[PDB]
Amino acid sequence: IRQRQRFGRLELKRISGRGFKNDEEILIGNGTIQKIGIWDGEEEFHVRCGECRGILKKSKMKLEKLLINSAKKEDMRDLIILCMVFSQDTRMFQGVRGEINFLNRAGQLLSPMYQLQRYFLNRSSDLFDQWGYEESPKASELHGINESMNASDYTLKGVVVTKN
Ligand SMILES: Nc1nc2c(ncn2[C@@H]2O[C@H](COP(=O)(O)OP(=O)(O)O)[C@@H](O)[C@H]2O)c(=O)[nH]1
């Protein structure tokens, strides 16, 4: 619950909940099936990438909500991609269109989750293209954001941003 931890470029600190991890055979969007440890349970985290911070709520293979501050657009984009991956959202696994390696050249074992993080920080349009949008909030303290990190009347599903 109280410790700052890292998932690569993502920093997290648990707020609530508990996940339990089980290996599952996951179909990724390029057709491969890869065994991945999948977390089950409601969890909520403070999160950070750079100057952008947020609160992430996830359930099994689902980003439920991500509420972030306004920041440098590169950090907003990276926090959102990292939370989409850390969430293990079904849509994120479906977004792998291209080649992805789970062994290195010397045959050593690589972590699927970390390889997915590397994949999407390099290719985020694969994740955004099919993520989905929903109407932004109206008349509130929050606004919606599109995949270009601009305020918009429709927002990436589950994501909202605190008005300055
Ligand atoms: N949802 C959730 N993810 C976690 C937790 N602890 C570690 N992780 C993530 O779980 C994944 C673990 O991947 P990996 O290190 O490859 O370990 P493996 O599943 O044992 O092969 C990483 O994406 C970690 O950030 C947790 O308590 N909850």
# chains A, B, ... in the order shown; residues from 1 in each chain; ligands from 1
$ residues_near_ligand --ligand "ligand 1" --cutoff "6 Å" --atoms "only C-alpha atoms and all ligand atoms" --output "list in words"
residues 7, 19, 37, 39, 86, 111, 112 and 113 of chain A
$ select_by_dssp --residues "range 12-104 of chain A" --states "strand (DSSP E or B)" --output "JSON, numbers by chain"
{"A": [12, 13, 14, 15, 16, 17, 20, 21, 22, 23, 24, 25, 26, 27, 33, 34, 35, 36, 37, 38, 39, 40, 43, 44, 45, 46, 47, 48, 49, 52, 53, 54, 55, 56, 57, 58, 59, 62, 63, 64, 65, 66, 67, 68, 103]}
$ closest_residue --among "A:95, A:29, A:132, A:50" --to "residue 73 in chain A" --atoms "only C-alpha atoms"
A:50
$ atom_distance --atom1 "CA of residue 131 in chain A" --atom2 "CA of residue 163 in chain A"
23.0 Å
$ closest_residue --among "A:20, A:114, A:45, A:102" --to "residue 63 in chain A" --atoms "only C-alpha atoms"
A:45
$ select_by_dssp --residues "chain A" --states "helix (DSSP H, G or I)" --output "number ranges by chain"
A: 73-86, 90-94, 112-122, 125-131
$ closest_residue --among "A:62, A:128, A:145, A:118" --to "residue 101 in chain A" --atoms "only C-alpha atoms"
A:118
$ residues_around --residues "residue 143 in chain A" --least-positions-apart "3" --cutoff "9 Å" --atoms "only C-alpha atoms" --output "list in words"
residues 136, 137, 138, 139, 140, 151, 152, 153, 155, 160, 161, 162 and 163 of chain A
$ residues_around --residues "residue 89 in chain A" --least-positions-apart "2" --cutoff "9 Å" --atoms "only C-alpha atoms" --output "ChimeraX atom specification"
/A:58-63,84-87,91-94
$ residues_around --residues "residue 67 in chain A" --least-positions-apart "3" --cutoff "9 Å" --atoms "only C-alpha atoms" --output "PyMOL selection string"
chain A and resi 53-57+142+158-162
$ atom_distance --atom1 "CA of residue 135 in chain A" --atom2 "CA of residue 154 in chain A"
4.4 Å
$ atom_distance --atom1 "CA of residue 156 in chain A" --atom2 "CA of residue 71 in chain A"
16.6 Å
$ residues_around --residues "residue 126 in chain A" --least-positions-apart "6" --cutoff "8 Å" --atoms "only C-alpha atoms" --output "NGL selection string"
:A and (95-97 or 120)
$ closest_residue --among "A:81, A:66, A:36, A:52" --to "residue 110 in chain A" --atoms "only C-alpha atoms"
A:36
